[PDB]
Structure formats: structure tokens, C-alpha cells
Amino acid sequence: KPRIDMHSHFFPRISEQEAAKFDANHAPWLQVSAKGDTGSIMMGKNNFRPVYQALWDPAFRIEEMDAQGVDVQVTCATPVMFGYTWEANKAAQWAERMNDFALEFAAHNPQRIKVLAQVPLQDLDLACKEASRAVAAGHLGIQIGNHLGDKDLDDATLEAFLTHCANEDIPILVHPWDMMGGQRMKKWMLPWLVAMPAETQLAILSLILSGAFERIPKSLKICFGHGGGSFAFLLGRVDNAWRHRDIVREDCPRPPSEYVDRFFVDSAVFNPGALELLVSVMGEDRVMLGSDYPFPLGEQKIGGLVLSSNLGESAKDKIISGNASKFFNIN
């Protein structure tokens, strides 16, 4: 009965010089302060994001896990590490390096720290090879971004990657990233508050409405980050549109709500009513506790929203433990 957090991130000890070998403007690296408790993710000479010790230091992290009552945490790259816009070979070299960094991090305590891998998703052949390599080496699955520029999950290359993972029993977590919106959505974290949930909804609907679930093997274990975005709340609208418009129906033979048995979401939705609605839509077997640890807005009491919800005790148990045990094959 381990308490499992399946949505969290790490960042490796990459120096500026190391990152420069790949891309001096675009490869992220880690700057750590003198006292060593805080740092920043850097991109070239630019500060990308201020971070703290739990992000890079697994010993420090275990202490916080202890204080949170988290037994096992599944962790994966900070999305800035993805490098989906890079030349494909360079991106594959980068992924292998990051994925090796991830295993080194988990090596501190592999019973309590699990890792998922990144892949050079812009090149289907290399992405499949890295997925298989990383898993064989000890990763429990892969984390990918939810789109590749104007390519959403219905794109043939992304469907093909998902099918490879299905065929090799490799679980996937889909994380929103590279948020839509252009220029008008800059201030007050609007990309995070508006664009991110729409990104995740768009990913899920792209799979459903394109008929991708009719082609991708049922074996696929796939989870959408941050509660599935706005998906669960806007599902009624989707069903209504499918019922009454032929162009919504053309590639999708069953009502869209029926395909919730083909994917999972994490529980990171911040509000009790929102979580209750999410569970009623997805089912108790399909929502996994995930916190977004250690980022500033990743719920400071891990599992606290779930435990303080109205959900049944067995639902709470599945969400906190059972579902992720099965999803990631954590014994």
C-alpha cells in the first residue's frame, strides 16, 4: 500500500559548457548558488526559471518525501529539456544523456525514486529506439510533450510512436508544453492558466475524434498531465457536438465520452469540486495522484486534496496508490 506521486520533475547537474556543446542558446543547464539550496535553470546566458534543491538533489528529495508521507515518486524531465525543435541526431544524443542522468538520480534510491524517459519525438525511428533503450535500462515509461509544433497527437508520426509504446508495454505520460496563444496571452501566467489546460484537452480530443483509439492497441497505457486539462468539464459539449454534427462524427464511431476507458489522468486539479467531477468522468480506476513536485504550484500537501475530498475510501486508495502501481508496474 505505498503512497505514490506519479507527476514530478527533475533537472540534472548540467553545466553551461556541457549545454553549449549542444546549443549555446537553447540547451538548458543548471546554475546552483554558493550555499546550494537554490538555483536556476538557464538557457544560454538567460535565466529561465528559479528552482530549489529538491529538483536536482535526490538525497534532499527523499527527506521531503518522508515529510510528505510519499513512499514512491515517479519523476521525469522538466519540459524545457525536451529539445523537440533540434536537429534529430543531436536531440537523440541529448535524450540519451538526460535519460542516463535520470537513472543516476534514481540510483540514489531506486525503490523510492522511479524515472520516465524523454525521446527525440521529432524523429519517429530515433524516438522508438530511445524509448526501448531507456526502458530496458530501468525507466518505467516515457514522458512526452502533447504536440510537436502544429502536429497534434492525431498526426501519423505521433500515433506511430504511441503504437510502438503500446506494443512494447511502455507507459506514457503526456505533459502539456510549448503552449498555444501567440502574443496576446503573455502576462499573469495566462499560458499556464488558460493555454495549458486547452493544450491537454486538445491532445485528448485529437486522439478521440481522429479515431486514433480505433487503431492504437488497447494495451496502450497513456496518462494526461494536470487532470486532463479542461477535458472532463468540456466533455458534455464534445458529446453534444458529436451527436449533432457529421464532421465531428466522421472519424470517431462511438460517442467521445466512451473513450475515457482508453486513458488516464493525474489528479492535479486544485479544487475539490473539480476533482470530484474528474473522478465521475474518468472513473476511480483512471485517476492517479500526481503533484507536479517540486514546482511552486504543485500542491504543498501531496495527496491532501485527494484525502480531503468526498470520494470513497477505495477510490482514495486507488488514486493514491493502486492505480499508479498497476500503470507503471511498481511492485
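From 1 onward, residues are counted along the sequence shown.
Mean CA temperature factor is higher for 176-184 when stretches 125-133 and 176-184 are set side by side in the entry. Stretches 46-54 and 280-288 differ in mean CA B factor, with 46-54 having the higher one. The entry lists a Cα temperature factor for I216 that places it in the middle third of the chain's modelled residues. When the modelled residues of the chain are ordered by their C-alpha B factor, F270 lands in the highest third. Ranked by C-alpha B-factor against the other modelled residues of its chain, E199 falls in the lowest third. When the modelled residues of the chain are ordered by their C-alpha B factor, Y293 lands in the middle third. The entry lists a Cα temperature factor for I330 that places it in the highest third of the chain's modelled residues.
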